[PDB]
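As provided, coords-v7.pdb (PDB, C-alpha atoms) reads as follows.
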```pdb
ATOM      1  CA  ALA A   1      85.136-101.038 -63.872
ATOM      2  CA  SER A   2      86.584 -99.780 -67.157
ATOM      3  CA  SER A   3      85.681-101.070 -70.622
ATOM      4  CA  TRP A   4      87.725-103.707 -72.451
ATOM      5  CA  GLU A   5      86.398-102.546 -75.834
ATOM      6  CA  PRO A   6      89.273-100.202 -76.901
ATOM      7  CA  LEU A   7      91.962-102.761 -76.020
ATOM      8  CA  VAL A   8      89.989-105.532 -77.745
ATOM      9  CA  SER A   9      89.557-103.352 -80.837
ATOM     10  CA  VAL A  10      93.295-102.670 -81.046
ATOM     11  CA  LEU A  11      94.312-106.311 -80.564
ATOM     12  CA  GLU A  12      91.693-107.566 -83.039
ATOM     13  CA  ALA A  13      92.757-105.071 -85.713
ATOM     14  CA  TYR A  14      96.435-105.906 -85.174
ATOM     15  CA  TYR A  15      95.970-109.652 -85.539
ATOM     16  CA  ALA A  16      93.620-109.191 -88.501
ATOM     17  CA  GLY A  17      96.525-107.306 -90.070
ATOM     18  CA  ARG A  18      98.839-110.217 -89.263
ATOM     19  CA  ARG A  19      96.377-112.539 -91.017
ATOM     20  CA  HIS A  20      96.311-110.192 -94.018
ATOM     21  CA  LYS A  21     100.114-110.362 -94.097
ATOM     22  CA  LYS A  22     100.108-114.173 -94.115
ATOM     23  CA  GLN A  23      97.503-114.481 -96.865
ATOM     24  CA  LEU A  24      99.183-111.791 -98.990
ATOM     25  CA  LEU A  25     102.506-113.605 -98.613
ATOM     26  CA  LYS A  26     100.828-116.708-100.015
ATOM     27  CA  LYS A  27     100.015-114.761-103.215
ATOM     28  CA  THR A  28     103.095-112.534-103.626
ATOM     29  CA  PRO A  29     105.244-115.134-105.514
ATOM     30  CA  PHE A  30     102.697-115.269-108.316
ATOM     31  CA  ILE A  31     102.385-111.481-108.441
ATOM     32  CA  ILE A  32     106.153-111.594-108.996
ATOM     33  CA  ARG A  33     105.718-114.202-111.738
ATOM     34  CA  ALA A  34     103.147-111.944-113.423
ATOM     35  CA  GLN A  35     105.548-108.995-113.237
ATOM     36  CA  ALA A  36     108.378-111.088-114.706
ATOM     37  CA  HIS A  37     106.214-112.116-117.664
ATOM     38  CA  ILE A  38     105.094-108.498-118.108
ATOM     39  CA  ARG A  39     108.744-107.479-118.304
ATOM     40  CA  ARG A  40     109.344-110.276-120.824
ATOM     41  CA  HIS A  41     106.557-108.929-123.044
ATOM     42  CA  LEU A  42     107.919-105.383-122.647
ATOM     43  CA  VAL A  43     111.538-106.152-123.629
TER      44      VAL A  43
ATOM     45  CA  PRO B   1     108.883-102.647 -93.712
ATOM     46  CA  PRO B   2     107.812 -99.487 -91.850
ATOM     47  CA  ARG B   3     104.643-100.106 -89.888
ATOM     48  CA  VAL B   4     102.326 -97.390 -91.255
ATOM     49  CA  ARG B   5     103.077 -98.057 -94.931
ATOM     50  CA  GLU B   6     102.671-101.798 -94.380
ATOM     51  CA  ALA B   7      99.354-101.210 -92.602
ATOM     52  CA  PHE B   8      98.107 -99.228 -95.593
ATOM     53  CA  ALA B   9      99.169-102.030 -97.945
ATOM     54  CA  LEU B  10      97.548-104.668 -95.717
ATOM     55  CA  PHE B  11      94.152-102.992 -95.305
ATOM     56  CA  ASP B  12      93.780-101.823 -98.933
ATOM     57  CA  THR B  13      91.713-104.931 -99.570
ATOM     58  CA  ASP B  14      90.645-103.893-103.080
ATOM     59  CA  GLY B  15      94.236-102.997-103.982
ATOM     60  CA  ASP B  16      93.027 -99.693-105.439
ATOM     61  CA  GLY B  17      95.418 -97.500-103.451
ATOM     62  CA  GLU B  18      92.524 -96.446-101.207
ATOM     63  CA  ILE B  19      91.487 -97.398 -97.683
ATOM     64  CA  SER B  20      87.842 -96.748 -96.898
ATOM     65  CA  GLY B  21      85.210 -97.350 -94.249
ATOM     66  CA  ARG B  22      85.823 -99.873 -91.490
ATOM     67  CA  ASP B  23      89.185-100.851 -92.995
ATOM     68  CA  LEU B  24      90.357 -97.262 -92.431
ATOM     69  CA  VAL B  25      89.711 -97.455 -88.689
ATOM     70  CA  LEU B  26      91.122-100.984 -88.705
ATOM     71  CA  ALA B  27      94.317 -99.800 -90.397
ATOM     72  CA  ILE B  28      94.671 -97.096 -87.753
ATOM     73  CA  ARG B  29      93.976 -99.502 -84.905
ATOM     74  CA  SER B  30      96.387-102.016 -86.424
ATOM     75  CA  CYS B  31      99.227 -99.597 -85.619
ATOM     76  CA  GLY B  32      98.182 -99.438 -81.956
ATOM     77  CA  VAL B  33      96.220 -96.167 -82.169
ATOM     78  CA  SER B  34      92.771 -95.880 -80.596
ATOM     79  CA  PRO B  35      91.262 -92.786 -82.252
ATOM     80  CA  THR B  36      88.744 -90.772 -80.284
ATOM     81  CA  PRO B  37      85.090 -90.862 -81.394
ATOM     82  CA  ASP B  38      85.523 -87.256 -82.545
ATOM     83  CA  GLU B  39      88.550 -88.281 -84.616
ATOM     84  CA  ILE B  40      86.563 -91.213 -86.012
ATOM     85  CA  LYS B  41      83.658 -88.946 -86.959
ATOM     86  CA  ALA B  42      86.095 -86.519 -88.608
ATOM     87  CA  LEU B  43      87.716 -89.192 -90.797
ATOM     88  CA  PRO B  44      87.089 -88.648 -94.535
ATOM     89  CA  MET B  45      85.211 -91.040 -96.817
ATOM     90  CA  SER B  46      88.467 -92.626 -98.004
ATOM     91  CA  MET B  47      92.226 -92.084 -97.890
ATOM     92  CA  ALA B  48      94.971 -92.593-100.424
ATOM     93  CA  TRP B  49      98.517 -93.148 -99.139
ATOM     94  CA  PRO B  50      99.458 -89.436 -98.756
ATOM     95  CA  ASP B  51      96.321 -88.828 -96.675
ATOM     96  CA  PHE B  52      96.918 -91.874 -94.466
ATOM     97  CA  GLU B  53     100.616 -91.180 -93.916
ATOM     98  CA  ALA B  54      99.852 -87.555 -93.012
ATOM     99  CA  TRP B  55      97.038 -88.516 -90.623
ATOM    100  CA  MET B  56      99.176 -91.140 -88.881
ATOM    101  CA  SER B  57     102.256 -88.897 -88.729
ATOM    102  CA  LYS B  58     100.293 -86.077 -87.103
ATOM    103  CA  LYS B  59      98.577 -88.525 -84.728
ATOM    104  CA  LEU B  60     101.765 -90.294 -83.600
ATOM    105  CA  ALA B  61     103.355 -86.892 -82.948
ATOM    106  CA  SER B  62     101.021 -86.578 -79.934
ATOM    107  CA  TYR B  63     100.146 -90.238 -79.224
ATOM    108  CA  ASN B  64     102.610 -92.944 -78.193
ATOM    109  CA  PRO B  65     101.123 -96.397 -78.951
ATOM    110  CA  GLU B  66     103.346 -98.306 -76.510
ATOM    111  CA  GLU B  67     102.504 -96.126 -73.513
ATOM    112  CA  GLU B  68      98.794 -95.866 -74.353
ATOM    113  CA  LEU B  69      98.518 -99.657 -74.731
ATOM    114  CA  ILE B  70     100.367-100.349 -71.477
ATOM    115  CA  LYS B  71      98.110 -97.712 -69.891
ATOM    116  CA  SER B  72      95.000 -99.504 -71.163
ATOM    117  CA  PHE B  73      96.284-102.845 -69.853
ATOM    118  CA  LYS B  74      97.127-101.370 -66.440
ATOM    119  CA  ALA B  75      93.445-100.547 -65.866
ATOM    120  CA  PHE B  76      92.890-104.311 -65.476
ATOM    121  CA  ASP B  77      96.033-104.866 -63.374
ATOM    122  CA  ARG B  78      94.168-105.786 -60.200
ATOM    123  CA  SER B  79      97.224-107.193 -58.413
ATOM    124  CA  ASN B  80      99.203-104.139 -59.636
ATOM    125  CA  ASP B  81     102.138-106.386 -60.552
ATOM    126  CA  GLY B  82     102.506-105.606 -64.252
ATOM    127  CA  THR B  83     100.217-108.532 -65.099
ATOM    128  CA  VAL B  84      96.687-109.196 -66.338
ATOM    129  CA  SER B  85      94.715-112.437 -66.247
ATOM    130  CA  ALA B  86      95.011-114.460 -69.451
ATOM    131  CA  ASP B  87      91.561-116.066 -69.288
ATOM    132  CA  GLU B  88      89.907-112.696 -68.616
ATOM    133  CA  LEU B  89      91.513-111.277 -71.764
ATOM    134  CA  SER B  90      90.554-114.409 -73.712
ATOM    135  CA  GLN B  91      86.908-114.199 -72.647
ATOM    136  CA  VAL B  92      86.606-110.491 -73.426
ATOM    137  CA  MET B  93      88.299-110.951 -76.813
ATOM    138  CA  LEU B  94      85.771-113.672 -77.622
ATOM    139  CA  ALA B  95      82.774-111.726 -76.285
ATOM    140  CA  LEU B  96      83.455-108.299 -77.821
ATOM    141  CA  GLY B  97      85.639-109.095 -80.833
ATOM    142  CA  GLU B  98      84.369-109.215 -84.400
ATOM    143  CA  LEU B  99      87.343-110.160 -86.614
ATOM    144  CA  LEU B 100      89.289-112.913 -84.840
ATOM    145  CA  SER B 101      88.566-116.627 -84.807
ATOM    146  CA  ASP B 102      88.951-118.595 -81.589
ATOM    147  CA  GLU B 103      92.223-120.217 -82.688
ATOM    148  CA  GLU B 104      93.779-116.803 -83.369
ATOM    149  CA  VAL B 105      92.766-115.663 -79.872
ATOM    150  CA  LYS B 106      94.237-118.823 -78.310
ATOM    151  CA  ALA B 107      97.485-118.320 -80.240
ATOM    152  CA  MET B 108      97.774-114.742 -78.970
ATOM    153  CA  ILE B 109      97.223-115.891 -75.387
ATOM    154  CA  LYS B 110      99.957-118.514 -75.629
ATOM    155  CA  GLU B 111     102.223-115.808 -77.070
ATOM    156  CA  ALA B 112     101.679-113.425 -74.160
ATOM    157  CA  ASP B 113     101.890-116.262 -71.586
ATOM    158  CA  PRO B 114     104.629-118.589 -72.879
ATOM    159  CA  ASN B 115     105.115-120.358 -69.530
ATOM    160  CA  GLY B 116     101.358-120.650 -68.980
ATOM    161  CA  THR B 117     101.545-118.537 -65.811
ATOM    162  CA  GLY B 118      97.883-117.550 -66.267
ATOM    163  CA  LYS B 119      99.241-113.981 -66.153
ATOM    164  CA  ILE B 120     100.381-111.646 -68.928
ATOM    165  CA  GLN B 121     103.250-109.205 -68.423
ATOM    166  CA  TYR B 122     101.466-106.966 -71.025
ATOM    167  CA  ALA B 123     104.400-104.516 -70.883
ATOM    168  CA  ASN B 124     106.731-107.184 -72.274
ATOM    169  CA  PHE B 125     103.823-108.304 -74.467
ATOM    170  CA  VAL B 126     103.070-104.856 -75.916
ATOM    171  CA  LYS B 127     106.798-104.335 -76.517
ATOM    172  CA  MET B 128     107.390-107.684 -78.257
ATOM    173  CA  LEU B 129     104.208-106.886 -80.236
ATOM    174  CA  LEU B 130     104.933-103.343 -81.480
ATOM    175  CA  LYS B 131     108.363-104.069 -83.036
TER     176      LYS B 131
ATOM    177  CA  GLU C   1     118.590-119.798-132.707
ATOM    178  CA  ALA C   2     121.801-120.383-130.756
ATOM    179  CA  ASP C   3     124.041-118.329-133.055
ATOM    180  CA  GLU C   4     121.805-115.282-132.611
ATOM    181  CA  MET C   5     121.934-115.855-128.843
ATOM    182  CA  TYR C   6     125.746-115.907-128.942
ATOM    183  CA  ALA C   7     125.887-112.805-131.151
ATOM    184  CA  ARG C   8     123.439-110.834-129.005
ATOM    185  CA  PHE C   9     125.391-111.718-125.857
ATOM    186  CA  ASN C  10     128.701-110.722-127.436
ATOM    187  CA  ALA C  11     127.378-107.411-128.778
ATOM    188  CA  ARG C  12     126.718-106.374-125.157
ATOM    189  CA  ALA C  13     129.827-108.009-123.677
ATOM    190  CA  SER C  14     132.992-106.382-122.338
ATOM    191  CA  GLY C  15     136.003-108.674-122.108
ATOM    192  CA  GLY C  16     133.689-111.633-122.698
ATOM    193  CA  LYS C  17     131.253-110.823-119.873
ATOM    194  CA  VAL C  18     127.927-109.024-119.519
ATOM    195  CA  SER C  19     126.311-107.454-116.479
ATOM    196  CA  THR C  20     123.572-109.536-114.888
ATOM    197  CA  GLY C  21     121.418-106.499-115.639
ATOM    198  CA  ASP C  22     122.010-107.084-119.346
ATOM    199  CA  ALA C  23     121.582-110.826-118.778
ATOM    200  CA  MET C  24     118.001-110.125-117.681
ATOM    201  CA  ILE C  25     117.313-108.367-121.000
ATOM    202  CA  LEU C  26     118.982-111.134-123.009
ATOM    203  CA  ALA C  27     116.955-113.808-121.205
ATOM    204  CA  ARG C  28     113.730-111.882-121.848
ATOM    205  CA  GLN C  29     114.559-111.558-125.552
ATOM    206  CA  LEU C  30     115.067-115.344-125.528
ATOM    207  CA  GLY C  31     111.494-115.764-124.292
ATOM    208  CA  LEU C  32     112.173-116.372-120.591
ATOM    209  CA  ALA C  33     110.718-114.503-117.608
ATOM    210  CA  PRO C  34     113.356-114.276-114.874
ATOM    211  CA  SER C  35     112.598-112.328-111.719
ATOM    212  CA  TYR C  36     114.871-109.996-109.809
ATOM    213  CA  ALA C  37     114.901-112.682-107.117
ATOM    214  CA  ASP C  38     116.471-114.958-109.741
ATOM    215  CA  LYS C  39     119.037-112.237-110.443
ATOM    216  CA  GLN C  40     120.045-111.885-106.789
ATOM    217  CA  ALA C  41     120.121-115.660-106.258
ATOM    218  CA  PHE C  42     122.427-116.172-109.243
ATOM    219  CA  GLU C  43     124.667-113.263-108.233
ATOM    220  CA  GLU C  44     125.090-114.823-104.780
ATOM    221  CA  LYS C  45     127.267-117.599-106.238
ATOM    222  CA  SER C  46     128.386-116.229-109.621
ATOM    223  CA  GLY C  47     128.683-112.481-109.058
ATOM    224  CA  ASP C  48     127.180-109.860-111.359
ATOM    225  CA  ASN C  49     129.466-110.307-114.403
ATOM    226  CA  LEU C  50     128.831-113.415-116.497
ATOM    227  CA  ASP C  51     130.757-115.025-119.317
ATOM    228  CA  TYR C  52     128.798-116.998-121.895
ATOM    229  CA  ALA C  53     128.823-120.361-120.086
ATOM    230  CA  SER C  54     127.601-118.735-116.862
ATOM    231  CA  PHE C  55     124.911-116.895-118.838
ATOM    232  CA  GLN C  56     123.779-120.217-120.308
ATOM    233  CA  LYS C  57     123.518-121.583-116.772
ATOM    234  CA  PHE C  58     121.510-118.524-115.695
ATOM    235  CA  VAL C  59     119.163-119.069-118.647
ATOM    236  CA  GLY C  60     118.816-122.751-117.784
ATOM    237  CA  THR C  61     117.669-122.045-114.218
ATOM    238  CA  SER C  62     115.166-119.286-115.127
ATOM    239  CA  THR C  63     112.575-121.337-117.035
ATOM    240  CA  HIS C  64     110.153-121.430-114.064
ATOM    241  CA  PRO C  65     108.259-124.665-114.874
ATOM    242  CA  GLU C  66     105.952-123.947-111.911
ATOM    243  CA  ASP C  67     104.210-121.174-113.879
ATOM    244  CA  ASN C  68     100.546-121.890-114.587
ATOM    245  CA  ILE C  69      97.391-119.899-115.222
ATOM    246  CA  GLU C  70      95.476-120.784-112.052
ATOM    247  CA  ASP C  71      98.072-119.556-109.549
ATOM    248  CA  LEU C  72      98.500-116.188-111.293
ATOM    249  CA  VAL C  73      94.719-115.838-111.537
ATOM    250  CA  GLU C  74      94.304-116.530-107.817
ATOM    251  CA  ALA C  75      97.051-114.035-106.966
ATOM    252  CA  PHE C  76      95.087-111.347-108.802
ATOM    253  CA  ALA C  77      91.676-112.536-107.555
ATOM    254  CA  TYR C  78      92.940-111.899-104.021
ATOM    255  CA  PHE C  79      92.126-108.219-104.699
ATOM    256  CA  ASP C  80      88.726-108.954-106.323
ATOM    257  CA  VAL C  81      86.299-108.949-103.401
ATOM    258  CA  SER C  82      83.189-109.712-105.469
ATOM    259  CA  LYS C  83      85.170-112.557-107.106
ATOM    260  CA  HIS C  84      83.357-111.765-110.357
ATOM    261  CA  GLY C  85      86.692-111.722-112.192
ATOM    262  CA  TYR C  86      87.401-108.063-113.010
ATOM    263  CA  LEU C  87      89.816-105.378-111.836
ATOM    264  CA  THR C  88      89.849-101.705-112.762
ATOM    265  CA  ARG C  89      92.893-100.074-114.329
ATOM    266  CA  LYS C  90      93.344 -98.240-111.024
ATOM    267  CA  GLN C  91      93.487-101.614-109.256
ATOM    268  CA  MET C  92      95.844-103.166-111.815
ATOM    269  CA  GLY C  93      98.175-100.178-111.589
ATOM    270  CA  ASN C  94      98.288-100.039-107.801
ATOM    271  CA  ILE C  95      98.668-103.817-107.405
ATOM    272  CA  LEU C  96     101.462-104.078-109.970
ATOM    273  CA  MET C  97     103.283-100.967-108.701
ATOM    274  CA  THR C  98     102.973-101.868-105.002
ATOM    275  CA  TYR C  99     103.388-105.618-104.449
ATOM    276  CA  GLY C 100     105.924-108.268-105.382
ATOM    277  CA  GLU C 101     108.586-106.731-107.625
ATOM    278  CA  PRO C 102     106.856-103.406-108.326
ATOM    279  CA  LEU C 103     106.664-102.065-111.851
ATOM    280  CA  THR C 104     107.856 -98.556-112.507
ATOM    281  CA  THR C 105     105.299 -96.056-113.784
ATOM    282  CA  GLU C 106     106.901 -96.319-117.230
ATOM    283  CA  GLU C 107     106.680-100.128-117.274
ATOM    284  CA  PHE C 108     103.037-100.091-116.202
ATOM    285  CA  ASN C 109     102.110 -97.342-118.651
ATOM    286  CA  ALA C 110     103.634 -99.288-121.553
ATOM    287  CA  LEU C 111     101.826-102.449-120.415
ATOM    288  CA  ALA C 112      98.524-100.580-120.105
ATOM    289  CA  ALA C 113      98.921 -98.928-123.507
ATOM    290  CA  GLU C 114      99.406-102.262-125.238
ATOM    291  CA  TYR C 115      97.087-104.551-123.245
ATOM    292  CA  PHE C 116      94.348-102.533-121.484
ATOM    293  CA  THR C 117      91.472-101.369-123.706
ATOM    294  CA  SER C 118      88.538-100.738-121.360
ATOM    295  CA  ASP C 119      88.627 -99.674-117.710
ATOM    296  CA  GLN C 120      87.523-103.192-116.639
ATOM    297  CA  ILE C 121      90.240-105.833-117.071
ATOM    298  CA  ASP C 122      89.385-109.528-117.185
ATOM    299  CA  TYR C 123      92.509-110.557-115.296
ATOM    300  CA  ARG C 124      92.117-114.223-116.270
ATOM    301  CA  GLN C 125      92.458-113.368-119.965
ATOM    302  CA  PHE C 126      95.235-110.913-119.105
ATOM    303  CA  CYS C 127      97.181-113.607-117.240
ATOM    304  CA  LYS C 128      96.659-116.038-120.124
ATOM    305  CA  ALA C 129      98.062-113.411-122.499
ATOM    306  CA  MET C 130     101.024-112.837-120.180
ATOM    307  CA  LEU C 131     101.846-116.543-120.194
ATOM    308  CA  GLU C 132     101.818-116.650-124.011
ATOM    309  CA  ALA C 133     105.018-116.623-126.120
ATOM    310  CA  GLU C 134     107.137-118.115-123.309
ATOM    311  CA  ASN C 135     109.909-120.224-124.830
ATOM    312  CA  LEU C 136     109.174-123.893-124.122
TER     313      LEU C 136
END
```
In structure tokens, how does this file's structure come out?
Amino acid sequence: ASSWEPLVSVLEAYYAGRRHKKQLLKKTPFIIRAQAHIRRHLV
Amino acid sequence: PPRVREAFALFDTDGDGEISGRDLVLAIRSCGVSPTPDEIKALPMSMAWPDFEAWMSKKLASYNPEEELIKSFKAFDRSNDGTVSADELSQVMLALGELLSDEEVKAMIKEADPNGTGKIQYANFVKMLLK
Amino acid sequence: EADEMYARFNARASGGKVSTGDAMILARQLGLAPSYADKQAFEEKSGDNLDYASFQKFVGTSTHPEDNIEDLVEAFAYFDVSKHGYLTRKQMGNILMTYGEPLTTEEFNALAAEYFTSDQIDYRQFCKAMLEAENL
């Protein structure tokens, strides 16, 4: 009987990355707002 | 966005342009690559984007994620029908995993088994995962 | 305040219209902070050449009343694992030049020259400073 550990590691890392994508998407609009205000100050 | 660059951006948790430690391996595994223990031991302390893109480009040149993942799944294809048991995968994900909550596991299992066949085509699943 | 707006628009105008690229600069000089997403959204209906009335409409829809200190602070704190409230200049640079609407190296270097003193940035105070001077 083989080991499930490599397959589990890959799937866990992949879906942890999906979670990172979701949570980063929650914050991206306000990063954009910060960049817009930076560009205002830099005009 | 391209998968490797996005993986770097997603696992740079400090946002310092560097991936380090466990995250490094995680980033690699997030692209469907299972590095050998020798490759893991040889990894540097940390990687900036040029380092990571070079490592992944040289790895993928000799390692096809789709075929290696389908090959790993086929080891548990008892019926040899292109399928693996959904509850077996669920239990092993919950027993050996370290990052995923139970709801995330359950969501994945419904993904791979949309009709609730108790089986997983894994080939179709790995494909519709690696896009 | 309005006459200078008209004059600044018309100094950049050709046949009564300015590029939406120049409209971004004019809006920023007016004290607004439009995004490039705003630019694309407005171009979708009005094109990328605006007469004065269309520029006034663009200005009117770029005030972003949703802006507030806490949401910006949380966006930055996402990258602060200790949650103690500080980011290095390396972190600020990479974050701002990688995510959202990335700054160019020139934009970030100008920002850093004017606003970053030490290597440890209190991003709450930085975000508060960034929200200042917005035309209300």
Report as a PDB file with C-alpha atoms, in the frame of the given file all protein, DNA and RNA residues lying within 10 Å of region 6-13 of chain A, evaluated on only C-alpha atoms, omitting residues in the same chain fewer than 4 positions from it.
```pdb
ATOM      1  CA  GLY A  17      96.525-107.306 -90.070  1.00  0.00           C
ATOM      2  CA  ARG A  18      98.839-110.217 -89.263  1.00  0.00           C
ATOM      3  CA  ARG A  19      96.377-112.539 -91.017  1.00  0.00           C
TER       4      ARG A  19
ATOM      5  CA  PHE B  11      94.152-102.992 -95.305  1.00  0.00           C
ATOM      6  CA  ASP B  23      89.185-100.851 -92.995  1.00  0.00           C
ATOM      7  CA  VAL B  25      89.711 -97.455 -88.689  1.00  0.00           C
ATOM      8  CA  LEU B  26      91.122-100.984 -88.705  1.00  0.00           C
ATOM      9  CA  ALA B  27      94.317 -99.800 -90.397  1.00  0.00           C
ATOM     10  CA  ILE B  28      94.671 -97.096 -87.753  1.00  0.00           C
ATOM     11  CA  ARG B  29      93.976 -99.502 -84.905  1.00  0.00           C
ATOM     12  CA  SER B  30      96.387-102.016 -86.424  1.00  0.00           C
ATOM     13  CA  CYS B  31      99.227 -99.597 -85.619  1.00  0.00           C
ATOM     14  CA  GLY B  32      98.182 -99.438 -81.956  1.00  0.00           C
ATOM     15  CA  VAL B  33      96.220 -96.167 -82.169  1.00  0.00           C
ATOM     16  CA  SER B  34      92.771 -95.880 -80.596  1.00  0.00           C
ATOM     17  CA  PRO B  35      91.262 -92.786 -82.252  1.00  0.00           C
ATOM     18  CA  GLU B  68      98.794 -95.866 -74.353  1.00  0.00           C
ATOM     19  CA  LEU B  69      98.518 -99.657 -74.731  1.00  0.00           C
ATOM     20  CA  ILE B  70     100.367-100.349 -71.477  1.00  0.00           C
ATOM     21  CA  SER B  72      95.000 -99.504 -71.163  1.00  0.00           C
ATOM     22  CA  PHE B  73      96.284-102.845 -69.853  1.00  0.00           C
ATOM     23  CA  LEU B  89      91.513-111.277 -71.764  1.00  0.00           C
ATOM     24  CA  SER B  90      90.554-114.409 -73.712  1.00  0.00           C
ATOM     25  CA  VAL B  92      86.606-110.491 -73.426  1.00  0.00           C
ATOM     26  CA  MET B  93      88.299-110.951 -76.813  1.00  0.00           C
ATOM     27  CA  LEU B  94      85.771-113.672 -77.622  1.00  0.00           C
ATOM     28  CA  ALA B  95      82.774-111.726 -76.285  1.00  0.00           C
ATOM     29  CA  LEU B  96      83.455-108.299 -77.821  1.00  0.00           C
ATOM     30  CA  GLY B  97      85.639-109.095 -80.833  1.00  0.00           C
ATOM     31  CA  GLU B  98      84.369-109.215 -84.400  1.00  0.00           C
ATOM     32  CA  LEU B  99      87.343-110.160 -86.614  1.00  0.00           C
ATOM     33  CA  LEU B 100      89.289-112.913 -84.840  1.00  0.00           C
ATOM     34  CA  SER B 101      88.566-116.627 -84.807  1.00  0.00           C
ATOM     35  CA  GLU B 104      93.779-116.803 -83.369  1.00  0.00           C
ATOM     36  CA  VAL B 105      92.766-115.663 -79.872  1.00  0.00           C
ATOM     37  CA  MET B 108      97.774-114.742 -78.970  1.00  0.00           C
ATOM     38  CA  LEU B 129     104.208-106.886 -80.236  1.00  0.00           C
TER      39      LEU B 129
END
```
task = Tell me the residues of chain A close to chain C, meaning within 9 Å using only C-alpha atoms, as number ranges by chain.
result = A: 23-24, 26-43
task = May I have the residues of chain B within 10 Å of chain C, counting all atoms listed in the file, written as number ranges by chain?
result = B: 9, 12-18
remark   = Atom pair CA of residue 113 (chain B) + CA of residue 16 (chain A), distance 20.1 Å
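Reported to one decimal place, the separation of CA of residue 84 (chain B) from CA of residue 2 (chain B) is 29.5 Å.
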Could you put an axis-aligned box around every listed atom of region 54-66 of chain C, padded by 6 Å on each side, and send me its centre and edge lengths in Å to one decimal, as AutoDock Vina command-line options?
```
--center_x 116.8 --center_y -120.8 --center_z -116.1 --size_x 33.6 --size_y 19.8 --size_z 20.4
```
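In this model, the gap between CA of residue 125 (chain B) and CA of residue 112 (chain B) comes to 5.6 Å.
Residues selected in this file by the PyMOL selection byres ((chain C and resi 58) around 9) comprise residues 23, 27, 38, 39, 42, 50, 53, 54, 55, 56, 57, 59, 60, 61 and 62 of chain C.
Comparing B:86, B:75, B:61, B:4 by their smallest distance to chain A, the closest is B:75 (using all atoms listed in the file).
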Output of the PyMOL selection byres ((chain B and resi 76) around 10), listed as a list in words = residues 1, 2, 3 and 4 of chain A; 71, 72, 73, 74, 75, 77, 78, 79, 80, 82, 83, 84, 85, 88 and 89 of chain B
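Nearest to chain A of all the residues B:36, B:64, B:124, B:115 is B:36, counting only C-alpha atoms.
Note on the selection: in this file the PyMOL selection byres ((chain C and resi 44-49) around 8) comes out as residues 17, 18, 19, 20, 21, 40, 41, 42, 43, 50, 51 and 54 of chain C.
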task = Would you list the contacts of region 47-54 of chain B as a PyMOL selection string, taking every protein, DNA or RNA residue within 8 Å and counting only C-alpha atoms, but skipping same-chain residues closer than 3 positions in sequence?
result = chain B and resi 4-5+8+17-20+24+44+57-58
Output region 46-55 of chain B with N, CA, C and O atoms present, as an mmCIF file, in the coordinates of the input.
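The file below, out_10.cif, is the result:
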```
data_model
loop_
_atom_site.group_PDB
_atom_site.id
_atom_site.type_symbol
_atom_site.label_atom_id
_atom_site.label_comp_id
_atom_site.auth_asym_id
_atom_site.auth_seq_id
_atom_site.Cartn_x
_atom_site.Cartn_y
_atom_site.Cartn_z
ATOM 1 N N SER B 46 87.388 -91.700 -97.694
ATOM 2 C CA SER B 46 88.467 -92.626 -98.004
ATOM 3 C C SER B 46 89.790 -91.872 -97.985
ATOM 4 O O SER B 46 89.831 -90.639 -98.018
ATOM 5 N N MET B 47 90.879 -92.636 -97.929
ATOM 6 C CA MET B 47 92.226 -92.084 -97.890
ATOM 7 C C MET B 47 93.114 -92.818 -98.882
ATOM 8 O O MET B 47 93.155 -94.053 -98.888
ATOM 9 N N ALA B 48 93.824 -92.059 -99.712
ATOM 10 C CA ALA B 48 94.971 -92.593 -100.424
ATOM 11 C C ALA B 48 96.192 -92.545 -99.505
ATOM 12 O O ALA B 48 96.131 -92.043 -98.379
ATOM 13 N N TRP B 49 97.321 -93.073 -99.981
ATOM 14 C CA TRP B 49 98.517 -93.148 -99.139
ATOM 15 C C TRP B 49 98.975 -91.803 -98.585
ATOM 16 O O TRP B 49 99.309 -91.743 -97.391
ATOM 17 N N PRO B 50 99.053 -90.716 -99.366
ATOM 18 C CA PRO B 50 99.458 -89.436 -98.756
ATOM 19 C C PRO B 50 98.573 -89.029 -97.590
ATOM 20 O O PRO B 50 99.084 -88.628 -96.533
ATOM 21 N N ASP B 51 97.252 -89.156 -97.752
ATOM 22 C CA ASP B 51 96.321 -88.828 -96.675
ATOM 23 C C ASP B 51 96.593 -89.668 -95.433
ATOM 24 O O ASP B 51 96.658 -89.139 -94.317
ATOM 25 N N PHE B 52 96.746 -90.984 -95.609
ATOM 26 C CA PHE B 52 96.918 -91.874 -94.466
ATOM 27 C C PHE B 52 98.244 -91.623 -93.762
ATOM 28 O O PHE B 52 98.302 -91.595 -92.525
ATOM 29 N N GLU B 53 99.319 -91.433 -94.531
ATOM 30 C CA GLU B 53 100.616 -91.180 -93.916
ATOM 31 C C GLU B 53 100.611 -89.853 -93.169
ATOM 32 O O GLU B 53 101.172 -89.755 -92.074
ATOM 33 N N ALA B 54 99.932 -88.834 -93.711
ATOM 34 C CA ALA B 54 99.852 -87.555 -93.012
ATOM 35 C C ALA B 54 99.028 -87.673 -91.733
ATOM 36 O O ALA B 54 99.438 -87.177 -90.673
ATOM 37 N N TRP B 55 97.868 -88.332 -91.810
ATOM 38 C CA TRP B 55 97.038 -88.516 -90.623
ATOM 39 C C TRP B 55 97.809 -89.240 -89.528
ATOM 40 O O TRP B 55 97.829 -88.801 -88.371
#
```
